[PDB]
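Q: Here you go, this is my_file_7.cif (mmCIF, C-alpha atoms and all ligand atoms).
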data_target
loop_
_atom_site.label_atom_id
_atom_site.label_comp_id
_atom_site.auth_asym_id
_atom_site.auth_seq_id
_atom_site.Cartn_x
_atom_site.Cartn_y
_atom_site.Cartn_z
CA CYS A 1 156.95 32.15 90.01
CA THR A 2 160.39 30.95 88.96
CA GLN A 3 163.17 33.51 88.49
CA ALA A 4 164.90 33.07 85.15
CA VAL A 5 165.82 35.99 82.91
CA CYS A 6 164.09 36.09 79.54
CA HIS A 7 165.22 37.47 76.18
CA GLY A 8 164.62 41.17 75.57
CA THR A 9 162.88 42.61 72.53
CA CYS A 10 163.16 45.92 70.69
CA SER A 11 160.48 46.87 68.15
CA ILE A 12 160.50 49.19 65.12
CA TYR A 13 157.21 49.35 63.25
CA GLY A 14 155.09 51.52 60.96
CA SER A 15 155.76 55.23 60.40
CA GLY A 16 158.43 55.65 63.03
CA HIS A 17 157.28 53.86 66.18
CA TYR A 18 159.62 52.35 68.75
CA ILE A 19 159.55 50.15 71.84
CA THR A 20 162.83 49.83 73.70
CA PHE A 21 164.22 46.73 75.44
CA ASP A 22 162.91 48.17 78.74
CA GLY A 23 159.48 48.97 77.32
CA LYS A 24 159.40 52.68 76.48
CA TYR A 25 157.22 53.79 73.59
CA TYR A 26 158.15 56.84 71.53
CA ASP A 27 157.96 58.33 68.04
CA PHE A 28 160.84 59.54 65.89
CA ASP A 29 160.61 60.41 62.19
CA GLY A 30 164.23 60.70 61.08
CA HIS A 31 165.63 60.55 57.53
CA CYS A 32 169.16 59.07 57.71
CA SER A 33 170.76 55.83 58.88
CA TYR A 34 170.35 55.26 62.62
CA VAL A 35 171.96 53.00 65.20
CA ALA A 36 169.30 50.58 66.39
CA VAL A 37 171.44 48.37 68.66
CA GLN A 38 175.21 48.17 69.08
CA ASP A 39 177.72 47.32 71.78
CA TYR A 40 180.33 49.87 70.65
CA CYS A 41 179.13 52.01 73.53
CA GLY A 42 182.06 54.00 74.89
CA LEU A 43 185.61 46.96 72.09
CA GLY A 44 182.27 45.81 70.69
CA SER A 45 181.09 42.86 68.66
CA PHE A 46 177.97 43.80 66.66
CA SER A 47 175.89 46.62 65.20
CA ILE A 48 172.39 46.81 63.70
CA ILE A 49 171.56 49.81 61.50
CA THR A 50 168.15 50.94 60.22
CA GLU A 51 167.62 53.00 57.05
CA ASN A 52 164.60 55.27 57.38
CA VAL A 53 163.28 56.98 54.24
CA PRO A 54 160.22 59.21 53.72
CA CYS A 55 157.12 57.15 52.98
CA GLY A 56 154.43 59.70 52.14
CA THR A 57 154.40 63.45 51.65
CA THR A 58 153.73 64.59 55.24
CA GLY A 59 157.29 64.19 56.53
CA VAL A 60 156.95 60.93 58.42
CA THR A 61 159.52 58.22 57.76
CA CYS A 62 159.47 54.43 57.93
CA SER A 63 162.16 51.76 57.97
CA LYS A 64 163.05 50.17 54.64
CA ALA A 65 166.42 48.44 55.16
CA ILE A 66 168.33 46.66 57.94
CA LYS A 67 172.10 46.17 58.01
CA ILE A 68 173.47 43.55 60.41
CA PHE A 69 177.17 43.73 61.29
CA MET A 70 178.43 40.67 63.18
CA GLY A 71 182.18 40.79 63.61
CA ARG A 72 183.30 41.24 60.01
CA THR A 73 180.29 39.59 58.34
CA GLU A 74 177.74 42.06 56.95
CA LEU A 75 174.24 40.94 56.13
CA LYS A 76 171.69 43.30 54.64
CA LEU A 77 167.91 42.94 54.57
CA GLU A 78 166.67 44.73 51.48
CA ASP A 79 164.06 44.10 48.74
CA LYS A 80 162.34 41.15 50.47
CA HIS A 81 165.62 39.17 50.60
CA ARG A 82 168.81 38.77 52.59
CA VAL A 83 172.16 39.57 50.95
CA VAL A 84 175.57 38.43 52.20
CA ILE A 85 178.23 41.14 51.97
CA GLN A 86 181.91 40.67 52.95
CA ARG A 87 182.10 37.16 54.34
CA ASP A 88 185.37 37.01 56.27
CA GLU A 89 188.16 34.52 55.62
CA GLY A 90 188.02 31.91 58.38
CA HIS A 91 186.15 33.37 61.34
CA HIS A 92 182.54 33.25 59.97
CA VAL A 93 180.32 33.69 63.08
CA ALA A 94 177.66 31.02 62.69
CA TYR A 95 174.32 32.52 61.66
CA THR A 96 171.17 30.98 60.19
CA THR A 97 168.48 32.43 57.91
CA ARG A 98 165.09 30.76 57.50
CA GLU A 99 161.54 31.83 56.74
CA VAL A 100 158.78 31.31 59.32
CA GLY A 101 155.33 32.31 58.15
CA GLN A 102 155.32 35.72 56.56
CA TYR A 103 158.53 36.84 58.24
CA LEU A 104 162.23 36.31 57.66
CA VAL A 105 164.22 35.21 60.71
CA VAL A 106 167.98 35.63 61.14
CA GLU A 107 169.54 33.98 64.19
CA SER A 108 173.13 34.02 65.44
CA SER A 109 175.11 31.63 67.62
CA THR A 110 176.18 34.57 69.81
CA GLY A 111 172.61 35.32 70.89
CA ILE A 112 171.41 37.92 68.36
CA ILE A 113 168.04 37.36 66.65
CA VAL A 114 166.44 39.62 64.03
CA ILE A 115 162.85 39.05 62.84
CA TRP A 116 161.61 41.00 59.82
CA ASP A 117 158.21 41.03 58.08
CA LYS A 118 159.89 42.08 54.77
CA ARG A 119 158.34 45.58 54.76
CA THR A 120 158.76 47.87 57.81
CA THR A 121 158.41 45.88 61.05
CA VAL A 122 161.55 44.58 62.77
CA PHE A 123 161.95 42.64 66.02
CA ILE A 124 165.43 42.40 67.56
CA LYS A 125 165.98 39.89 70.36
CA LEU A 126 169.08 39.60 72.54
CA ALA A 127 170.09 36.80 74.88
CA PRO A 128 170.19 37.88 78.55
CA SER A 129 174.00 38.07 78.46
CA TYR A 130 173.65 41.54 76.88
CA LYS A 131 172.23 43.20 79.99
CA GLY A 132 173.44 46.77 80.33
CA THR A 133 175.98 46.41 77.51
CA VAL A 134 174.14 47.92 74.50
CA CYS A 135 173.00 51.34 73.30
CA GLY A 136 171.22 52.97 70.38
CA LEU A 137 167.60 53.84 69.68
CA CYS A 138 166.54 50.64 71.50
CA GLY A 139 167.95 51.62 74.88
CA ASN A 140 170.47 49.79 77.03
CA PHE A 141 168.57 46.72 78.40
CA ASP A 142 169.11 47.09 82.14
CA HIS A 143 165.48 46.71 83.37
CA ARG A 144 165.18 50.40 84.28
CA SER A 145 163.48 52.64 81.74
CA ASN A 146 164.20 56.18 82.92
CA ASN A 147 167.61 56.17 81.25
CA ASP A 148 166.73 54.86 77.79
CA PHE A 149 167.09 58.37 76.36
CA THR A 150 170.87 58.38 76.73
CA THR A 151 172.48 60.13 73.77
CA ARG A 152 175.69 59.15 71.96
CA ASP A 153 177.72 61.40 74.30
CA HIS A 154 176.34 59.60 77.41
CA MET A 155 173.77 62.21 78.45
CA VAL A 156 170.21 61.41 79.53
CA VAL A 157 167.90 63.94 77.88
CA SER A 158 164.12 64.27 78.13
CA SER A 159 163.40 64.96 74.46
CA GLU A 160 162.57 62.36 71.83
CA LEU A 161 164.23 64.58 69.22
CA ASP A 162 167.53 65.28 70.97
CA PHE A 163 167.97 61.57 71.66
CA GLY A 164 167.02 60.31 68.21
CA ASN A 165 169.01 62.97 66.35
CA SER A 166 172.19 61.84 68.12
CA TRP A 167 172.16 58.30 66.72
CA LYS A 168 172.27 59.29 63.06
CA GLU A 169 175.20 57.84 61.15
CA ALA A 170 176.18 60.65 58.86
CA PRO A 171 176.99 64.13 60.20
CA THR A 172 175.48 65.85 57.16
CA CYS A 173 172.04 64.32 57.73
CA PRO A 174 169.59 66.98 58.94
CA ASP A 175 167.98 67.31 62.35
CA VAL A 176 164.32 66.56 62.94
CA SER A 177 162.89 69.65 64.60
CA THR A 178 159.26 68.56 65.06
CA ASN A 179 157.14 65.48 64.71
CA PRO A 180 154.55 65.66 61.91
CA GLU A 181 150.82 65.14 62.33
CA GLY B 1 163.08 66.91 39.97
CA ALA B 2 163.70 67.28 43.72
CA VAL B 3 166.96 68.34 45.37
CA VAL B 4 168.43 65.60 47.58
CA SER B 5 170.38 66.05 50.79
CA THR B 6 173.35 63.76 50.66
CA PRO B 7 173.84 60.90 51.69
CA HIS B 8 170.67 59.38 50.23
CA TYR B 9 169.83 55.82 51.17
CA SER B 10 166.85 54.55 49.09
CA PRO B 11 166.97 50.74 48.76
CA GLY B 12 168.30 50.53 45.23
CA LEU B 13 170.35 53.70 45.05
CA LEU B 14 173.01 55.36 47.21
CA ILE B 15 173.96 58.97 46.42
CA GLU B 16 176.71 60.41 48.62
CA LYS B 17 178.94 63.47 48.37
CA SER B 18 182.43 63.80 49.82
CA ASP B 19 184.55 66.93 49.78
CA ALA B 20 186.21 65.60 46.61
CA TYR B 21 183.89 63.19 44.76
CA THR B 22 180.19 62.56 44.20
CA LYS B 23 179.41 58.85 44.18
CA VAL B 24 176.32 57.02 42.89
CA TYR B 25 176.01 53.33 43.82
CA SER B 26 173.24 51.32 42.17
CA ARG B 27 172.09 47.73 42.57
CA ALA B 28 172.01 47.33 38.77
CA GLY B 29 175.80 47.03 38.72
CA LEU B 30 176.69 50.66 38.18
CA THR B 31 179.07 52.95 40.06
CA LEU B 32 179.73 56.54 39.04
CA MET B 33 182.34 58.78 40.64
CA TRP B 34 183.04 62.38 39.67
CA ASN B 35 185.10 65.15 41.15
CA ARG B 36 183.10 68.18 40.30
CA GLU B 37 185.38 69.61 37.61
CA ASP B 38 186.60 67.20 34.95
CA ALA B 39 187.32 63.56 35.88
CA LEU B 40 184.46 61.11 35.38
CA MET B 41 184.71 57.35 35.75
CA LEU B 42 182.15 54.55 35.55
CA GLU B 43 182.27 50.92 36.68
CA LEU B 44 179.99 48.16 35.40
CA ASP B 45 179.82 44.51 36.38
CA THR B 46 180.33 41.63 33.96
CA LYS B 47 176.59 41.29 33.26
CA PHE B 48 176.59 44.04 30.61
CA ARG B 49 179.08 42.37 28.24
CA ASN B 50 178.30 42.74 24.50
CA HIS B 51 175.55 45.25 25.37
CA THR B 52 177.12 48.66 26.07
CA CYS B 53 177.02 51.16 23.23
CA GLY B 54 178.26 54.53 24.50
CA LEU B 55 181.41 56.52 23.85
CA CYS B 56 183.10 54.10 26.27
CA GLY B 57 182.95 51.47 23.52
CA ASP B 58 181.35 48.09 23.84
CA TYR B 59 182.27 45.74 26.66
CA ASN B 60 183.36 42.59 24.82
CA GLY B 61 186.97 42.62 26.07
CA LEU B 62 188.56 43.03 22.63
CA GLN B 63 191.13 45.82 22.19
CA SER B 64 189.95 48.29 19.49
CA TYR B 65 188.09 45.59 17.54
CA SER B 66 184.51 46.76 17.01
CA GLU B 67 184.84 50.35 18.23
CA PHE B 68 187.08 51.67 15.45
CA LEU B 69 187.00 48.91 12.78
CA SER B 70 183.32 48.15 12.16
CA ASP B 71 183.09 47.06 8.50
CA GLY B 72 186.78 47.17 7.59
CA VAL B 73 186.89 50.98 7.57
CA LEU B 74 188.99 52.39 10.41
CA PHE B 75 187.19 55.19 12.25
CA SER B 76 189.24 58.07 13.57
CA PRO B 77 188.56 59.08 17.20
CA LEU B 78 187.05 62.38 16.02
CA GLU B 79 184.43 60.65 13.87
CA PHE B 80 183.83 58.00 16.52
CA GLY B 81 182.88 60.75 18.95
CA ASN B 82 180.57 62.66 16.62
CA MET B 83 178.58 59.45 16.12
CA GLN B 84 177.85 59.39 19.87
CA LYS B 85 176.13 62.80 19.96
CA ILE B 86 172.65 63.50 21.37
CA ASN B 87 170.25 65.77 19.48
CA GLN B 88 168.55 68.26 21.75
CA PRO B 89 165.30 69.64 20.32
CA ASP B 90 166.01 73.35 20.65
CA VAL B 91 169.76 73.95 20.20
CA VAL B 92 171.97 73.43 17.15
CA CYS B 93 175.54 72.69 18.24
CA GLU B 94 178.40 72.48 15.75
CA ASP B 95 180.64 69.42 15.60
CA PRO B 96 184.38 70.11 15.95
CA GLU B 97 186.19 70.07 12.63
CA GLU B 98 189.37 68.17 11.82
CA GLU B 99 192.40 70.19 12.83
CA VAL B 100 195.54 69.96 10.73
CA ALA B 101 197.65 67.00 11.90
CA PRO B 102 200.32 68.37 14.27
CA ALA B 103 203.78 67.03 14.97
CA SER B 104 203.89 63.90 17.12
CA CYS B 105 205.19 65.46 20.34
CA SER B 106 208.10 63.08 20.97
CA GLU B 107 210.36 65.84 22.32
CA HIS B 108 208.82 65.43 25.80
CA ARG B 109 208.89 61.64 26.19
CA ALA B 110 211.82 61.98 28.61
CA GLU B 111 209.89 64.23 30.99
CA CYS B 112 206.73 62.09 31.08
CA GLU B 113 208.72 58.90 31.64
CA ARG B 114 210.82 60.42 34.43
CA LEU B 115 207.79 61.90 36.18
CA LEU B 116 205.22 59.12 36.04
CA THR B 117 207.55 56.22 36.95
CA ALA B 118 208.69 57.76 40.23
CA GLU B 119 209.23 56.00 43.55
CA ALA B 120 205.68 56.76 44.69
CA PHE B 121 204.18 54.50 41.98
CA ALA B 122 206.08 51.34 42.93
CA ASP B 123 203.36 48.73 43.50
CA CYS B 124 201.26 49.62 40.45
CA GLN B 125 203.74 49.05 37.60
CA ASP B 126 202.33 45.51 37.28
CA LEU B 127 198.69 46.54 37.79
CA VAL B 128 198.15 49.31 35.22
CA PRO B 129 200.12 49.82 31.97
CA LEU B 130 202.51 52.65 31.15
CA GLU B 131 202.12 53.11 27.39
CA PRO B 132 198.56 54.59 27.20
CA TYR B 133 198.95 57.05 30.08
CA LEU B 134 202.34 58.20 28.81
CA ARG B 135 200.91 58.68 25.32
CA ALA B 136 198.23 60.90 26.86
CA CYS B 137 201.02 62.77 28.66
CA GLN B 138 202.57 63.67 25.28
CA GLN B 139 199.75 65.94 24.10
CA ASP B 140 199.28 67.54 27.54
CA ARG B 141 202.81 68.94 27.46
CA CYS B 142 202.74 70.43 23.94
CA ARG B 143 199.09 71.57 23.86
CA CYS B 144 199.24 73.16 27.35
CA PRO B 145 202.25 75.51 27.42
CA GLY B 146 203.32 77.60 30.39
CA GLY B 147 201.71 76.36 33.60
CA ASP B 148 201.50 72.67 34.45
CA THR B 149 197.77 72.04 34.75
CA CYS B 150 197.43 69.38 32.04
CA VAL B 151 200.27 67.05 33.02
CA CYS B 152 198.95 66.71 36.60
CA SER B 153 195.53 65.58 35.52
CA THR B 154 197.05 62.52 33.81
CA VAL B 155 199.38 61.46 36.62
CA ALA B 156 196.47 62.27 38.92
CA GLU B 157 194.55 59.77 36.78
CA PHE B 158 197.44 57.33 36.95
CA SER B 159 197.24 57.43 40.76
CA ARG B 160 193.49 56.77 40.56
CA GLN B 161 193.91 53.75 38.30
CA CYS B 162 196.67 52.67 40.67
CA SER B 163 194.36 52.80 43.69
CA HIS B 164 191.42 51.09 41.98
CA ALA B 165 192.99 47.74 41.09
CA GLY B 166 194.09 47.45 44.72
CA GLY B 167 197.49 49.12 44.91
CA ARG B 168 198.56 51.99 47.12
CA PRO B 169 200.46 54.95 45.61
CA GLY B 170 202.64 57.37 47.52
CA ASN B 171 202.74 61.15 47.72
CA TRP B 172 204.08 62.85 44.59
CA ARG B 173 202.64 66.38 44.97
CA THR B 174 205.47 68.56 46.23
CA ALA B 175 205.38 72.33 46.77
CA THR B 176 206.40 72.92 43.13
CA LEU B 177 204.66 69.94 41.43
CA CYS B 178 200.91 70.77 41.47
CA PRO B 179 200.18 71.39 45.18
CA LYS B 180 196.74 71.23 46.76
CA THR B 181 195.48 73.16 49.77
CA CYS B 182 193.01 72.24 52.51
CA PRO B 183 192.11 74.29 55.61
CA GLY B 184 193.32 73.50 59.10
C1 LIG C 1 171.83 28.76 71.07
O1 LIG C 1 172.71 29.27 72.07
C2 LIG C 1 173.83 28.41 72.34
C3 LIG C 1 174.54 28.98 73.54
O2 LIG C 1 175.44 30.02 73.18
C4 LIG C 1 174.69 28.31 71.09
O3 LIG C 1 175.76 27.41 71.33
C5 LIG C 1 177.03 27.98 70.96
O4 LIG C 1 177.41 27.62 69.62
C6 LIG C 1 178.68 28.14 69.18
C7 LIG C 1 178.87 27.67 67.76
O5 LIG C 1 177.63 27.34 67.15
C8 LIG C 1 179.79 27.68 70.12
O6 LIG C 1 181.02 28.29 69.73
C9 LIG C 1 179.46 28.04 71.56
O7 LIG C 1 180.45 27.51 72.43
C10 LIG C 1 178.09 27.49 71.95
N1 LIG C 1 177.76 27.86 73.31
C11 LIG C 1 177.87 27.02 74.34
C12 LIG C 1 177.48 27.56 75.68
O8 LIG C 1 178.25 25.86 74.19
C13 LIG C 1 173.85 27.80 69.92
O9 LIG C 1 174.62 27.85 68.72
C14 LIG C 1 172.57 28.64 69.74
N2 LIG C 1 171.71 28.04 68.74
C15 LIG C 1 171.85 28.24 67.42
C16 LIG C 1 170.85 27.54 66.55
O10 LIG C 1 172.73 28.94 66.96
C1 LIG C 2 180.05 38.08 23.55
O1 LIG C 2 179.77 37.02 24.57
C2 LIG C 2 180.36 37.13 25.88
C3 LIG C 2 179.36 37.85 26.76
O2 LIG C 2 178.04 37.69 26.28
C4 LIG C 2 181.72 37.82 25.82
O3 LIG C 2 182.55 37.33 26.86
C5 LIG C 2 182.35 37.53 24.47
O4 LIG C 2 183.71 37.96 24.46
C6 LIG C 2 181.58 38.25 23.36
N1 LIG C 2 181.99 37.74 22.06
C7 LIG C 2 181.93 38.47 20.93
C8 LIG C 2 182.40 37.78 19.68
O5 LIG C 2 181.51 39.62 20.92
CA CA C 3 167.26 51.23 80.39
CA CA C 4 185.90 46.15 21.83
#
Could you render the structure as structure tokens?

A:
Amino acid sequence: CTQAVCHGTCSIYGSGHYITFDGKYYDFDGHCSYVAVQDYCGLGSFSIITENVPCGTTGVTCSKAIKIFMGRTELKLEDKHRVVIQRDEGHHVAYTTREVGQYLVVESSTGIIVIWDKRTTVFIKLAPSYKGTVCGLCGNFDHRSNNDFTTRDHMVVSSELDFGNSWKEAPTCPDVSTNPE
Amino acid sequence: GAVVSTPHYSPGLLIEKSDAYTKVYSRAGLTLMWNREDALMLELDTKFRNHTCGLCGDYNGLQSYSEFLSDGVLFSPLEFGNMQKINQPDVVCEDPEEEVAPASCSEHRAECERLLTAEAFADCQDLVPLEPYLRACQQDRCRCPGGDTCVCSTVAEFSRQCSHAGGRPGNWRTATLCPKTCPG
């Protein structure tokens, strides 16, 4: 086989299901805004945020909004449409939004690709220039999956609930203490 | 009917709570912001023109046209406010009666003009006017004797209308002019 390096894919789908860039499946039902991918990891160029709200009465949460920060441009995927927020003055990192089948597809010239089925399923793809230079709930993309549970303070834990509770955006959001059944 | 933990991020409605204000941000073009004692402000987009009907007047852009002079008769602000009341189906609440017309408190125009046009309010003299917020400073000096707790809710409102158009005010609160305390 030939040896080229492919794009890497993070998944977020259903009632709180994840697959990291290195292929680690876990469950986290958090109710706040969470860092999905960023490269402001200990200065940075992007950030992708997910907004998880309760969908049901059992305490499980699913993803209902995506915020894409590229430089100073802010997109937002919300209510089956894309919204441009704060387009900067003359920089304007070249992105493209088109609709392919049932999904909405945002692409960037820098290598960042977000695919969204307009309800709860998201696919993030990164060009292979982002190897080992990201963090968040999608891992760090270094082809080694026993360090994907690195917290915000650079500590590899073994719990799904100490890792996922460290990537919340607001400090006053609560901690998830168990996963529902 | 359910208590929310703030911030709250549902996809048409953001409800967040600082140490000072409680903000509500809606996709319908509404923004509410309230410190939890007395100051309440609302912001609407330009979609709702000629449609608003509250105690904030209508939103046509015309100064005092259809709020106070409807059919030629000029409504006083006390009878404009009693028109805006809401009837609750258990409680009878008495409307405030007309007080006897006091003296126009023009013996404190020098203190409100010296205080509110200080050096801290430099780059907002062209953004917000002076004449309404100094008129409101007149009653706060002669209806609130003794301690100064009514004059520093108007200049505190002048420094919020300053920092909403885009300007940046400076610090005016000294140790003897309405100080505020925070821990640490
Ligand atoms: C696919 O990837 C290439 C490689 O990065 C992108 O080409 C870049 O485009 C930007 C502006 O569009 C330039 O500033 C870069 O110099 C280009 N890179 C190179 C190596 O020349 C290309 O834009 C991407 N495709 C799409 C549709 O955006
Ligand atoms: C009503 O029309 C527009 C908004 O619908 C507004 O700008 C205008 O000033 C209003 N005119 C009158 C006479 O109320
Ligand atoms: Ca890894
Ligand atoms: Ca009017």

Q: Distance limit 8 Å, atoms considered: only C-alpha atoms. Which chain A residues sit that close to chain B? Return them as a PDB file with C-alpha atoms, in the frame of the given file.

A:
ATOM      1  CA  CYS A  32     169.160  59.070  57.710  1.00  0.00           C
ATOM      2  CA  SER A  33     170.760  55.830  58.880  1.00  0.00           C
ATOM      3  CA  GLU A  51     167.620  53.000  57.050  1.00  0.00           C
ATOM      4  CA  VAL A  53     163.280  56.980  54.240  1.00  0.00           C
ATOM      5  CA  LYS A  64     163.050  50.170  54.640  1.00  0.00           C
ATOM      6  CA  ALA A  65     166.420  48.440  55.160  1.00  0.00           C
ATOM      7  CA  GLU A  78     166.670  44.730  51.480  1.00  0.00           C
ATOM      8  CA  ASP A  79     164.060  44.100  48.740  1.00  0.00           C
ATOM      9  CA  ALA A 170     176.180  60.650  58.860  1.00  0.00           C
ATOM     10  CA  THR A 172     175.480  65.850  57.160  1.00  0.00           C
ATOM     11  CA  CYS A 173     172.040  64.320  57.730  1.00  0.00           C
TER      12      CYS A 173
END

Q: Could you pull the residues within 9 Å of segment 117-133 of chain B, counting all atoms listed in the file, minus those fewer than 5 positions along the same chain, as a list in words?

A: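 Returned residues: residues 112, 138, 154, 155, 157, 158, 159, 161, 162, 163, 165, 166, 167, 168, 169, 170, 171 and 172 of chain B.
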
Q: For ligand LIG 2 (chain C), list the contacting residues at 7 Å or closer, counting all atoms listed in the file, as a PyMOL selection string.

A: chain B and resi 49-50+60-61

Q: List the residues sitting within 10 Å of (172.8, 36.7, 73.3) in the file's frame, using all atoms listed in the file, as a list in words.

A: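 Residues satisfying the cut-off, written out: residues 7, 8, 108, 109, 110, 111, 112, 113, 125, 126, 127, 128, 129, 130 and 131 of chain A.
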
Q: Excluding residue 150 of chain A and its own-chain neighbours fewer than 3 positions away, which residues fall within 10 Å of it when counting all atoms listed in the file? Please give them as a ChimeraX atom specification.

A: /A:135-137,139-140,146-147,153-158,162-164,166

Q: Measuring between all atoms listed in the file, which one of A:68, A:145, A:177, A:6 shows the shortest distance to residue 114 of chain A?

A: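 For residue 114 of chain A, the nearest of the candidates is A:68.
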